[PDB]
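Notes to accompany the following structure.
Where a number appears in this text, it was derived from the coordinates with a stated rule and is not lab data. Reconstructed Cβ throughout: ideal geometry from the backbone, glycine too, with neighbour counts over all protein chains shown.
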């Protein structure tokens, strides 16, 4: 129940930080 | 105004001065914020009669200031006078950081097994089995097993599965956990092989256990033992099914390794189906 | 138990052993039960009547012997007893001069910000009556505008007890401040200016400020040197930190998208 | 009954429709943002809160007979909404009972049966997931329960029904509010209850029991995290201790909780009023009068409200404690006519050198000073009666002799006038210096490096403030 | 209270912990799709 | 928006700027301002 | 090597196929065709045999590209 919800919220949080890091690079790349 | 009582130098006034400390520490917060050095004084005496209590009310006042480690380090010096009190919103917040400090400590300690680890308090597991005493009162052991996976300690993982008798399937549910959200593989086998210890202490073997464990643990002698057990109590129903599942799941050189452990009837039956020839031509037949 | 409410109060108190009996009296009352909840029950307020009275006479014997950390210790516990949440206790006739002792002590040690916020708990006693409290607030009003001399001419009028152990400190912390004004670049004067400004014509006070301060009498002329510093300046000192500030300008323009 | 009884049908007609659709749209839209887009700060939560301050307090006080607000209690007496059939059947109960109360007379509670008509709202299979619906639609009948103003035996019904709500409030806190966080509503719910709960404990014994609760209430706030929680509870906790005329201010000096950090332009303006009064009573006049100025110019957006006239009331006193005074009565009101006459005539006597008028109007208008709670001016502004002129002279003149300032301050003595000038420069009233060699009192130097060195120490804040506007703009930009 | 003493002891630890873990995942998704559309503008410039 | 702290609140049309600067100093401006000249 | 980066997404994420349309949503809209190529195979190997209709929504402009 609750331990599985806490692990998945750990996973999804560290997931969309990485896809946040991708858009940081591309918007920096498209300026050049 | 009772800091004036803390100025005087006899012990029987101190214990009535500190009894009035935690009585009104929730309402007179910042008055003690200047008398911090007086308490951390009164704390350093080894001849003082209630020095462990001084670590309690210091942990109360740093909890107001937000100095969370100062409440933590004085909860370490609090003795049993802290954890004997358990029904509060205060006590659960600074054992929350205590579990948080401890579970990031052991992940760091799992990186260096060769000595050089840290000295560790023991009331942090005195609240673990106390939480197990709550789980004894709860019947719900799914919550104490959660920290037991997180704390990287496996004898309490064995103690909570050799608990008061309520299902073997709860342990199977825990075993799923090892298929979905288990991240590391270094201690995964240790969790995955302490499950098959209690399975050999259990009366019925499963299918999904050896379908998960022993292909992630590659012990060919272990499945040759437990299927010889399934031969021994004359159970050719489920030994017949796990060979077809092993022939579908596992890889080369492990079927070759276990078939050496076969010869280390029903024996010639499991020669032919662990070679797995007959499953192919019926699959060719369809 | 019930130890000498007026034992050596009226005539004299040269005691040191009754000070230990008063010390034991503190070990009696504050070990009976407590004084913290104070719900009702005039019977358990009866020791609260005596706990006030033994700390009043404890504050009387404290100023009788001039103990500075003790006098604030007894007065805080007395003020904590007028910090009673359920105050049905009847007016002890020593309260107005007891607060006047606190009002004069806390004026003397330069707690002037603590002085005026102390005056909030007095509703109307400052104006109607109560010369025990009216005298230090008339004193602080004399310190307000420019009036040093009205303080020292009201020195010979205290309607209360002697107040001398506070006002010796109160005027000494006035004298060094005017001395702190004259220890500036105000170079030289004669003893008659130390008679006019400071006070007192021909007392060993000129010996007092010859040894504490400087003020050597030359050829009928004092001497006070220049206390003015050199003021070292460069005014290009912030060249590092101004170069820091412009960095986080462009750091907060770029890099955070 | 032919005069007023025939004008009884128009009252119900409207407010049974458009005032009913207020919380129907509010309760629907708050549920819509509690479910999806769980960051639900930007909804009608704010405007209904502006309405529950303004609209529904004066939309109705009594329960508005012929079943406009009288019907609200038998309407919401039967609320399950538990499962999807228990929602759709209660949606039929939203159809049937509003038709009955629009037609006929339903169960009219006679102002004392309102609490059993707050039992079956809490009962009758009420939910925990609809915790905005329980929290809002219980607190919103408490304002007809308090603003009936009869104040007899409903005061204990005030006391019961708030602790009914606050038991639900605490249990929701110890109930793990998943993705709604009612604290955005429960802050001013904790305010609106404790404005009149402070009144109740003024009509009965003291409200330190509220502060012992509110200390624990401020503890569970912001240890979770702050969403307006630290901001509201701090001005609530500060107000009683300022209301008590005991010592009470060094308690606030050591109150190191000085970060609400955002307040939606309304808590911060009154928070700066309270702490400006605190720094004024410990005699720090410079920092007080500038944050009292900041409080006056931050949220004046009202129509002659009075607390704006109260922050304007204290601001002129501390400026008379430092000499300057602007035009005050240029925004005169039908009620400011009462409160302009003492203070305008006060600074009239301060600017002149008259003290007999200053003592006369103290005696004339001291009882008005009793209503304003400002006794302390007579003991601390008689300082600046002599110090206003020496601030005025030292700003006018540049290099004055002390022999001439004695007649100009009409002191008739040069020997103590040194000490008044010494005290003012000690207090930093004027920055000037004295030549104690032949009697010169000269002012400061010319306009300094102000053209060269200073202005970047003003420019650094304006860079940092304006790009944070650019930062707070860009971050909150795209919701779709 | 078999469950009631433990819902505050061994479940209140988890469900209070997942609260802020739910808030930040809610927070970054508003931040992410904002970053998405800002990149779609600059790619629409350069490709054109 | 009630904030619970508000329970109380050329005739003189631009008067206070004139009055804060000059109050009542013989405003006919001749009997001393124009009549210094008897001294000299 | 940039392709073998964006081709390796399905090998590490095929167990949870729901995250794969969200992360390759803008990987399919780069400027070079090589990243867009391995983006297309990443939809093919993360989601094995699902009737996704979200990846199929992504593949419809992918089969209507200027580059062959």
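Convex hull of alpha carbon positions in the range B:158-253: directionally averaged projected area 6.8 nm². Which residues among the range D:102-137 fall inside the zone where the amide N is under 19 Å from a point 7 Å beyond the Cα of residue D:8, along Cα→Cβ? Residues D:102-111 qualify, since their backbone N sits under 19 Å from the label point. Hydrodynamic analysis of the range D:165-229 uses the Kirkwood radius over alpha carbon pairs. Inserted into Stokes-Einstein at 37 °C and 0.692 mPa s, it gives a translational diffusion coefficient of 260 µm²/s. Here the relative contact order of the range C:29-155, from alpha carbon pairs under 8 Å that lie six or more residues apart, stands at 18 percent. Inter-part distance, the range C:203-230 to the range G:37-68, computed on C-alpha centroids, equals 96 Å. What relative contact order, as a whole-number percentage, does the range D:395-464 give when Cα pairs under 8 Å and 6 or more residues apart are counted? That works out to 30 percent. Temperature 37 °C, viscosity 0.692 mPa s: under these conditions the Stokes-Einstein estimate for chain D, based on its Kirkwood radius over C-alpha pairs, is 121 µm² per second.
Packing-based ranking of D:98-104, B:117-123, C:134-140, F:32-38 yields C:134-140, D:98-104, B:117-123, F:32-38, ordered from highest to lowest mean Cβ neighbour count within 10 Å. How many angstrom lie between the C-alpha centres of the range B:1-48 and the range B:87-125? The range B:1-48 and the range B:87-125 have Cα centres separated by 29 Å. Note on the range B:135-183: Cα-only Rg and Dmax are 10.6, 32 Å. If a spin label sat at a point 7 angstrom from the Cα of residue C:161 along the line to its beta carbon, the backbone N atoms of the range C:46-84 nearer than 13 Å would be those of C:54-67, C:71, C:75.
Normalising the Debye intensity of the range D:270-383 to I(0), with uniform scatterers on Cα atoms only, and taking log10 at q = 0.21 Å⁻¹ returns -1.32.
Note on residue E:5/residue D:95: beta-carbon distance plugged into 1/(1 + (r/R0)^6) with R0 of 45 Å gives a FRET efficiency of 0.55. Dividing the radius of gyration of the alpha carbons in the protein assembly as shown by their Kirkwood radius gives 1.04 for Rg/Rh.
For chain D, the longest principal axis of the Cα atoms and the long axis of helix D:208-220 meet at an angle of about 80 degrees. Here the residues C:67, F:11, B:138, ranked from fewest to most Cβ neighbours within 10 Å of their Cβ, fall in the order F:11, C:67, B:138. At full extension, residue C:29 and residue C:248 could sit 72.5 nm farther apart than now, given 0.36 nm per residue minus the alpha carbon distance.
Quick check of the Kirkwood formula: for the range D:269-310, what is the inverse mean of 1/r over all pairs of different Cα atoms, in Å? This gives a value of 10.5 Å. Residue separation of residue B:173 and residue B:28 scaled by 0.36 nm, minus their Cα-Cα distance, works out to 47.3 nm of gained length. Peptide D:244-253 shows a mean partner chain C-beta count of 4 within 10 Å per residue C-beta. Short-range pairs are left out: with C-alpha atoms under 8 Å and at least six residues apart, the relative contact order of the range B:1-131 is 16 percent. Dimensions of the range C:202-244 along the principal axes, based on C-alpha atoms and rounded to the nearest Å, stand at 62, 20, 11, largest first. The calculated P(r) of chain C, using every Cα pair and 10 Å bins from 0, goes 5, 21, 22, 18, 13, 12, 8, 2, 0 in percent. Modelled this way, with points 7 Å down the Cα-to-C-beta line, the labels at residue G:8 and residue F:30 are 10.4 nm from one another.
Here the calculated FRET efficiency for residue C:173 and residue D:259, from their Cβ-Cβ distance with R0 = 51 Å, stands at 0.85, rounded to the nearest 0.05.
The distance linking the range E:11-48 with the range D:60-111 is 42 Å (Cα centroid to Cα centroid, whole angstrom).
The packing ranking of peptides C:68-79, D:437-448, highest mean first, is C:68-79, D:437-448, where packing means the average number of other beta carbon atoms within 10 angstrom of each residue. The alpha-carbon positions of the range D:195-306 define a convex hull whose volume is 126 Å³ per residue. Going by neighbour counts of Cβ atoms within 10 Å, the residues B:208, B:2, C:174 line up, fewest first, as B:208, C:174, B:2.
Label sites at residue B:101 and residue B:234, each approximated as a point 7 angstrom past Cα along Cα to Cβ, lie 6.3 nm apart.
Peptide A:14-23 is shielded by partner chain Cβ atoms: per residue, an average of 5 of them sit within 10 Å of its Cβ. With helices as the sole contributors, the protein assembly as shown gives -18000 deg cm²/dmol at 222 nm; each DSSP H run of n ≥ 4 counts as -39500 (n - 2.57), and the sum is divided by every residue. Residues of the range C:28-65 with an amide N closer than 20 Å to a point placed 7 Å from the Cα of residue D:159 along the Cα-to-Cβ direction: C:38-41. Residue C:230 to residue D:472: FRET efficiency via 1/(1 + (r/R0)^6), r the Cβ-Cβ distance, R0 41 Å, to the nearest 0.05? Plugging the Cβ-Cβ distance into 1/(1 + (r/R0)^6) gives 0.30. Once you've got the GNM for chain C with C-alpha springs shorter than 10 Å, pick whichever of C:49, C:237, C:169 has the biggest mean-square fluctuation. Highest fluctuation of the listed residues: C:237. Placing a pseudo-label 7 Å from each Cα along the Cα-to-Cβ vector at residue D:82 and residue C:42 gives an inter-label distance of 5.7 nm. Dividing the convex hull volume of the alpha-carbon atoms in chain F by its residue count gives 146 Å³ per residue. Volume of the convex hull of chain B (Cα atoms only), normalised per residue: 189 Å³. All Cα-Cα separations within the range D:117-244 were binned at 5 Å from zero, giving a P(r) of 2, 9, 21, 22, 21, 15, 8, 2, 0, each value a whole percent of the pairs. Across the range D:1-148, Cα-Cα distances exceeding 21 Å account for 47% of all pairs. Global size of the range C:111-257: 25.4, 79 Å for Rg and Dmax (C-alpha atoms, Rg to one decimal, Dmax whole).
Every Cα-Cα pair in chain G was counted, and those over 18 Å apart are 28% of them. Short to long, the 10 Å bins of the Cα pair-distance histogram for the range B:100-204 hold 12, 45, 34, 9, 0 percent of all pairs. In terms of surrounding Cβ atoms within a 10 Å radius of their Cβ, B:251, B:71 rank from fewest to most as B:251, B:71. Taking one quarter of the surface of the convex hull spanned by the alpha-carbon atoms of the range D:32-110 gives a direction-averaged projected area of 6.6 nm². Based on alpha-carbon atoms, the Kirkwood radius and the radius of gyration of the range B:17-144 give Rg/Rh equal to 1.02. How large is the translational diffusion coefficient of the range C:155-206 in µm² per second when you combine the Kirkwood radius over alpha carbon pairs with Stokes-Einstein at 10 °C and 1.306 mPa s? Using the Kirkwood radius from Cα pairs, D works out to 124 µm²/s.
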